[PDB]
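Q: before the rest arrives, take these chain(s) from the complex:
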Amino acid sequence: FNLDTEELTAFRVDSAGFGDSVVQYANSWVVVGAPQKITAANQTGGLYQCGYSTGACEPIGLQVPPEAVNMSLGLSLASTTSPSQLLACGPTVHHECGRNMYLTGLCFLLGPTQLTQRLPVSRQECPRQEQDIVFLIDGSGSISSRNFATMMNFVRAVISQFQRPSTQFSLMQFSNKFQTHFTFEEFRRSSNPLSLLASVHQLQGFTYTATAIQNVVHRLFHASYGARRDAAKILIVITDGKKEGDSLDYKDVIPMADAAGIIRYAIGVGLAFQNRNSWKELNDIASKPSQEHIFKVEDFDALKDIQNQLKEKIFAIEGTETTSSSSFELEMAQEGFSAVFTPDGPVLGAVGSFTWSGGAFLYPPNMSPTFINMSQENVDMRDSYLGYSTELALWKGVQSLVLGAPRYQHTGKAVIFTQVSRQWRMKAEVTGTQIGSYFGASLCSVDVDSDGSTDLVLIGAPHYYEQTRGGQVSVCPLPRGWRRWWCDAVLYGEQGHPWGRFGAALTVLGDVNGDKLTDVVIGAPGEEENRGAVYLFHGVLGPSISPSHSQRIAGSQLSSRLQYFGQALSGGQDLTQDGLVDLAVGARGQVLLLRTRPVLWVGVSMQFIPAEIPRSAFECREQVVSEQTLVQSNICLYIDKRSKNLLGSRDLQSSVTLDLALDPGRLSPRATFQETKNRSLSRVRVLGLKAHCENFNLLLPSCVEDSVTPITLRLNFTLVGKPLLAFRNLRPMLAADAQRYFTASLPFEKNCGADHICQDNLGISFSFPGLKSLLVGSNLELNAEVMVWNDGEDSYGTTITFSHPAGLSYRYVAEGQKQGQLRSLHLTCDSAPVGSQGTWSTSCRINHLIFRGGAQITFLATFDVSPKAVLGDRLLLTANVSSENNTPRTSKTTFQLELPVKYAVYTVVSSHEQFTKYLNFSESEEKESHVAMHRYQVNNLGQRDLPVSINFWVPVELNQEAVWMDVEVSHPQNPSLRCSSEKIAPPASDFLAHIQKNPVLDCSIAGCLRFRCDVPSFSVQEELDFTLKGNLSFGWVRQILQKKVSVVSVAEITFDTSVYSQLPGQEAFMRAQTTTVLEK
């Protein structure tokens, strides 16, 4: 609520795209991208460096490399703090590979203590394509040697167009024999390959075309002859006539050429190929489609005409086996599309990589970059954009990357990766819901309590469609442990804006009001015809975020010239150097700084001298208003408990205006102020840290109609400390969720009788109906049934107060629908921290009613128990009862009740999949024993670092025969070698019959080994892996006279059940089971 829309700074700069992206840099500058600015010939992208003191912006003088062409820099921005670093990107770097154009990505990495780096260091080299091409030469005698020479010069003609080393050739001549004139290996090594074409002479002879082809496929395209492993394989056959005398059919040989993946081109020379049958033979020589692969040549003259276009045809190379698809890799990743620093090093977003599946690059400190993405196993990730959005999640130590995929199956998805061993893997994933919702468009990690660890991540979807409002943000708790990631809460914008783009931009503004909880900003630049608006949200206690905004600043409210306000957000830094965080917001043509205002927390102390109005004063003496009685009100104001953001000057002095009001909102003001004739008094006083306390004198008349309703004094107050000494600082303000109206009661003494003394006697006593043990986090409400009774005076303003520790406090409950003899009663309560170390007092007035001196009343009081309430192992709460007439005596009515306290945990253990199920043997080798392994998997899913003890049961001896043998517990990772073993004699039973029905061997019949491995501190989210290993003997099976026996071990998690109790229901999950099968 404290974002200041009055005293802002606005940087409007007419460079194309100025403000489409912006980040806070180095606690000094707001750095603005302008992706479409024309800085030079065919160069786009402009960067600006604005400062608050100046109020104007300067362009950043980068030496920008020519190899990258219209990157459009500024489109992507990022910044960090460890030392100050700016990372700028234009990920539309145009890159020409002759005929084709690509978008590689180039980022700059700047710093005030360093010189500018460039990521990736290498400029992206063109793909190239390794091709291996064999010419097959008909050398038969039907070809004139003047024609043969024309054809061979056509061969050098063609080879001259194929630049090696991407292209290699090999040559064979054929007829009635076959002549390898050079291998691929030889073509590569020569400094003038063409010289080998010269050293060749015609064979003459018959025509064995098919044999020559079979000869090529199994020889020239083998790696022994220099053929390259992964290379496009092409065979060019040139001939002047049919195969004739060929002992092999094309039908016989062709399959190996296709089986290996070799393109078959046919060049037929002469009118011998004009007719039906010769066309069909060319078809068998060439590959289908036969038009693409056959070319009819008139003499040996037209040969040179097709040359260039046959060139063109072979250059048109592509995979054809799976419908000539458009399957890519790292050509158009647009690396650096989404940028996000980490402690390991920068991370750049790969989007179009691997046919727009995506990923991202980590750049460790001055060493080999690594590429995060899902494996090629996950087919469905094509065309997703995984890496469009990238953000860092950080728990106590290990880093994690979240990446957003606008298009995952047209809906959206975001995926958490972490590091298994040294290798990145998917930790967990979560999807969008509405198709075209564009889930994953935005990413922001939120540390709600500022413990240094990301508590949850916000995920945008700014074109989400509902009839009235456009966008949303998913509030997703971090899973920890390899478990399903889920999302808790959906946010929305002020509706009436179906395409407002809510969830476009995000940013953590930090702690803004002083409450130790995090506040975040959300962009909706499409609202109000794309005028734009910004939302401010507060982080709830615990891991979640408020279902409602606490401030919505539409740029339309800010200015008549604002479009796309909130397109970009970067919050978190003291750019103005005035002590508080600032918010940087981009809009179409300008970037704005918004400031938080200080949020002061005022303490209010109210008391009267004396406690009550004695009849001595209230009584009449026949003269109206004679000898008015003097009573003092003493109020203290202090400003404390939430200084937090501030200290010293400005935290101190702050002037405040006071308004006192005697008997307010009533017709008959029964007191007045001595300082001024009137029920009301106002004055201007000075607060600093320790309170300001003041006596105010009340004149109450002699004759006063109402001596029952206590006289009430109320406190309206407002800050008027306009000139505070430092920073020319903003208007300090008061928490708008806090209260500004405060009351105090001046009761009267009451006539219990003209000849009666008045002693009030009240007693109180409460219980907790139905309650068994108390479990923090399972039991969230505490239901107190308070009985209170009157054995004395009639009680006016009956007031019950409770003593309870900070972790719980009273929640008003309503009951209704005729039900019960129960608490239908109206009343008023107040909780307030009191004392030295951690307790509170909740104080409750029965109003409307006079608690009569012989009746009792029982009523209900419910206390919300924080699931993270720190109570100790015992909870004690107390109860005081009194009237408005203030307990004039000694022994206290206090009733108190103290309980044992248990805390919730969530522990699970499971059978692992890597177990030797079904061992075997058969008739013969019973003496043989075989290595058997069972494995169990345990995980602390709860909230508390509790110690545990892991227990295992393993059949070792059945009726004297070894079953398992030499079992040990292997605990590899975190090898606290403590395990303990105890042999256990088995429940004496009729084991033939017992195994007969349900042939399973477990500890019910088997002498067992029990393993106890004590975990001294099974901290949350920790995983442990335990394995049971030992040779399973076969010899005992004959004892039981069955063929199909199985063998089972059990695991059970134990802990101190007096201190901790596992969450209800989900309690079976700490006892698990794994089975191996024996078969004769």
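A: That came through, no problem. Numbering: from 1, shown residues only, chains lettered A, B, ... in the order given.
Q: and chain A, what are its domains?
A: For chain A, whose domains are defined here by curated CATH domains, the residue ranges read A:1-123+A:326-598, A:124-325, A:599-754, A:755-901, A:902-1080.
Q: Save those as CSV, and put in mean neighbour count too.
A: C-beta coordinates here come from the backbone N, C-alpha and C atoms, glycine included. Converted to CSV, the domains of chain A look like this (neighbours: other CB atoms under 10 Å):
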stretch, mean neighbour count
domain A:1-123+A:326-598, 20
domain A:124-325, 17
domain A:599-754, 15
domain A:755-901, 15
domain A:902-1080, 17
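Q: Quick one: residues contacting residue A:740.
A: A:716, A:717, A:718, A:734 (CB atoms under 8 Å, 6 or more residues apart in numbering).
Q: What pairs with the helix or strand where residue A:763 lies, parallel or antiparallel?
A: Residue A:763 is located in strand A:762-767, with elements delineated by DSSP states H and E. In the sheet containing strand A:762-767, the strands it pairs with under DSSP bridges are strand A:781-790 (antiparallel).
Q: Outside of the following helix or strand past the strand it pairs with itself, list whatever touches it.
A: Beyond strand A:781-790 in the direction of the C-terminus, DSSP H and E gives the next helix or strand as strand A:795-796. By CB under 8 Å, 6+ apart, the residues outside strand A:795-796 that reach it are A:708, A:747, A:750, A:760, A:762, A:850, A:851, A:852, A:853, A:883, A:884, A:885.
Q: how about 10 Å then?
A: Counting by CB atoms under 10 Å, 6 or more residues apart in numbering, strand A:795-796 makes contact with A:708-710, A:747-748, A:750, A:760-762, A:788, A:846, A:849-853, A:855, A:857, A:881-885, all of which sit outside it.
Q: by contact count, what packs against whichever helix or strand comes after that strand?
A: Towards the C-terminus, the helix or strand next in line after strand A:795-796, according to DSSP H and E, is strand A:799-805. Helices and strands touching strand A:799-805, by 3 or more CB pairs under 10 Å, 6 or more residues apart in numbering; DSSP states H and E, are strand A:762-767, strand A:781-790, strand A:808-811, strand A:827-834, strand A:839-846, strand A:856-865, strand A:874-882.
Q: could those strands be laid out in JSON lines, adding distance to residue A:598?
A: Converted to JSON lines, the helices and strands packed on strand A:799-805 look like this (distance: least, CB to CB, whole Å):
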{"stretch": "strand A:762-767", "distance to residue A:598": "43"}
{"stretch": "strand A:781-790", "distance to residue A:598": "36"}
{"stretch": "strand A:808-811", "distance to residue A:598": "27"}
{"stretch": "strand A:827-834", "distance to residue A:598": "23"}
{"stretch": "strand A:839-846", "distance to residue A:598": "27"}
{"stretch": "strand A:856-865", "distance to residue A:598": "30"}
{"stretch": "strand A:874-882", "distance to residue A:598": "37"}
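Q: The following sequence is to be added as chain B:
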Amino acid sequence: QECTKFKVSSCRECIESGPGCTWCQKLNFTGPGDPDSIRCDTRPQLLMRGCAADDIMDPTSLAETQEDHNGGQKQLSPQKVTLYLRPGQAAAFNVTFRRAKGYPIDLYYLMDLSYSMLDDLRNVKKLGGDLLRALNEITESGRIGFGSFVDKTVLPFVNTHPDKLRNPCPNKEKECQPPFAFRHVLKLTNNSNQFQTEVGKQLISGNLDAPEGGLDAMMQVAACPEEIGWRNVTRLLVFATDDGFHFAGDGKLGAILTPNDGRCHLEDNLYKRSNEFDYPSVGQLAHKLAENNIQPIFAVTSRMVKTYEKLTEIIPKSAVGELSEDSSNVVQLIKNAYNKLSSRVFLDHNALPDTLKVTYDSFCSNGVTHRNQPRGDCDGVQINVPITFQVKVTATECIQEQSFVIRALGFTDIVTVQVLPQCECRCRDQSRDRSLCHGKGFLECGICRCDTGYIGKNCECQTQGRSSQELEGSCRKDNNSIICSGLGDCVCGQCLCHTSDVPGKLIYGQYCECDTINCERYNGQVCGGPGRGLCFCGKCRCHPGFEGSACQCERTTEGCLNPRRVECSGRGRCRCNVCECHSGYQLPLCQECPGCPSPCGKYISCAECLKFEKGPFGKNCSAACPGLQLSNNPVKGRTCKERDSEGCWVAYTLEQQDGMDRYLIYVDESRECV
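A: Following on from the chains above, chain B is added here:
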């Protein structure tokens, strides 16, 4: 039935206290010790107390059906409904829909013209005869238009190097044209010769980024009746492709952030500005096609159908069908489109302001018992078959007069509905009897209404004056209560509750016993805040769409339901847009129990049952594996691998869907033995 008093100083304020609150006007019904509030109660209570029935004012909500003249059709009625709507009292009227009359029809074909569509292009070039032949079996004189799409022409969507921009199709060919977003092939017309003249005429083209920029097309389609023209009559579109589609947020890849204008910026019948605007959002066109009343048909490859299937819930007026790589059934497809497109009847409404709510019953003529859903929706409704949409209108406030339209989706028929508030009941006035209230006020339906300085059942007293002790035996609830309960300086046997000038603090009641604050709190607000509900005398009365002791929850269950539309898988149940998932099944929708003993080992027999037809469950199969369906294709779930009846490692994927012990299996046809 039910009446809780808010401040009751007149007939109107009695009415604003709720639907069941009625007001007795009988003079001196007020007992000398029974003050004015008692006149506001349920009608049975006022009658039991002796109030004449004709003196009980009870404005009731009603609907007035003013049907629009004569001539035309008997398809949608009534055409004008005027509402006299009382807060909290539902005004329900009945809408009859009986489409029988056929109407003309315009069909506009949208052609993916990429390298993958040549086998479709040659075929559809020659079909214009069959198309008119099939249309005119049902409608009279159908019409045919044509446009085509590839993608945005800038990198990264199609290659922009001059040689490739020249021949974008594979180098293997000419007979291709430079890449384009949306080209316009002239107008819908009455000639399949004209169809041939211009449709056979133009060339196929090509793309780089696999998804199709066809949403730029449909936005330009719905924006250029000046350049295309549609008849108001049925307006159909056929989106046809082998590929997927681009949408909003993708244009950032080409450094073009500005979202779609929606304005025809057309030059020479081609989308020229397309590289300067992002793709429209999915909902952006669901809305724009609804504005101009267009039903898209999705003529896509079998491998895109599931994703186009999902587009019928964002735009209800659309149809989805699978068809061949040939386009060899686009006739049968469009026959099926119209058949089940016209089999749906949808009834929705204009933008209701927050003050109002409209809900629907929907009686399907084929026996579907259905009531209480915020959508008029029935299926399979034939020809000339009347169905029923009961329109229930309920308002919160004493609203301003206001008009809105309820419309059938797919048509330009309009039912104009007008809303009048029913707040001020009818009474006499200050011209009748200025003697009672002593000339310091006037009279309305019984009780005197007093001037600003006067009070009392007959305005006799004045605000600057006394009280009375024996009257203060009535000016308090009972012997053991406080006079006015505190919070009131008592006058003349009635209480005058105090002023607390703080937000939303009123003290009210016959004895100032109630307030607008001291109710249950949700989020950090009184009754969850003013949006979610209101606070009256210790209890929350929640607004439409909310319920709970503090308006804690939303009436909506859509939050507990999965895409299959079942609450909390089949493993939990629904409480406030939240599932409570039994055992280890996890949030949100209770699908997955990432922790349960994975059930592979007990489905050995079942897997080899169903693929390999062997194992112990031969002849036993179906009954012995009842929760399991077998899938032709790989499934998503749990990897299993284990030894069958003979010792072969059968590998299969086991995917639990909605229910207890209910699965899909993909079995690898390969065994693995030794």
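Q: Once more for the contacts of strand A:795-796, now including chain B?
A: Contact partners of strand A:795-796, identified using CB atoms under 10 Å, 6 or more residues apart in numbering or on different chains, comprise A:708-710, A:747-748, A:750, A:760-762, A:788, A:846, A:849-853, A:855, A:857, A:881-885, B:482, B:486.
Q: That one: partners in the sheet, and parallel or antiparallel?
A: Partner strands and pairing direction for strand A:795-796 (DSSP bridges) are strand A:850-851 (antiparallel).
Q: how about the helices in chain A?
A: A:145-159, A:184-189, A:194-198, A:209-219, A:250-260, A:276-285, A:290-293, A:303-315, A:353-356, A:527-530, A:555-558, A:615-618, A:991-996, A:1037-1040 (DSSP state H).
Q: Turn these into JSON lines, columns for distance to chain B.
A: Output for those, formatted as JSON lines (distance: least, CB to the nearest CB, whole Å):
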{"stretch": "helix A:145-159", "distance to chain B": "17"}
{"stretch": "helix A:184-189", "distance to chain B": "25"}
{"stretch": "helix A:194-198", "distance to chain B": "26"}
{"stretch": "helix A:209-219", "distance to chain B": "24"}
{"stretch": "helix A:250-260", "distance to chain B": "20"}
{"stretch": "helix A:276-285", "distance to chain B": "18"}
{"stretch": "helix A:290-293", "distance to chain B": "7"}
{"stretch": "helix A:303-315", "distance to chain B": "6"}
{"stretch": "helix A:353-356", "distance to chain B": "7"}
{"stretch": "helix A:527-530", "distance to chain B": "7"}
{"stretch": "helix A:555-558", "distance to chain B": "16"}
{"stretch": "helix A:615-618", "distance to chain B": "17"}
{"stretch": "helix A:991-996", "distance to chain B": "19"}
{"stretch": "helix A:1037-1040", "distance to chain B": "18"}
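Q: what's near enough to touch the residue in the stretch 301-450 of chain A that chain B sits nearest to?
A: Of the stretch 301-450 of chain A, the residue with the smallest distance to chain B, taken as CB to the nearest CB, is residue A:436 at 3.0 Å. For residue A:436, the contacting residues are A:406-407, A:410-412, A:461, A:463-465, B:215, B:245, B:247-249, B:279, B:281-286, B:307, B:310-311, B:314, taking CB under 10 Å, 6+ apart as the criterion.
Q: ok, now residue A:879?
A: Residue A:879 makes contact with A:764-766, A:784, A:786, A:788, A:800-804, A:844, A:861, A:893-897 under the criterion CB under 10 Å, 6+ apart.
Q: for residue A:428, same thing?
A: In this structure, residue A:428 makes contact with A:400, A:402, A:414-418, A:476, A:478-486, B:594, judged by CB under 10 Å, 6+ apart.
Q: Against residue A:357, how distant is it?
A: Distance from residue A:428 to residue A:357, counting by CB to CB, to the nearest Å: 19 Å.
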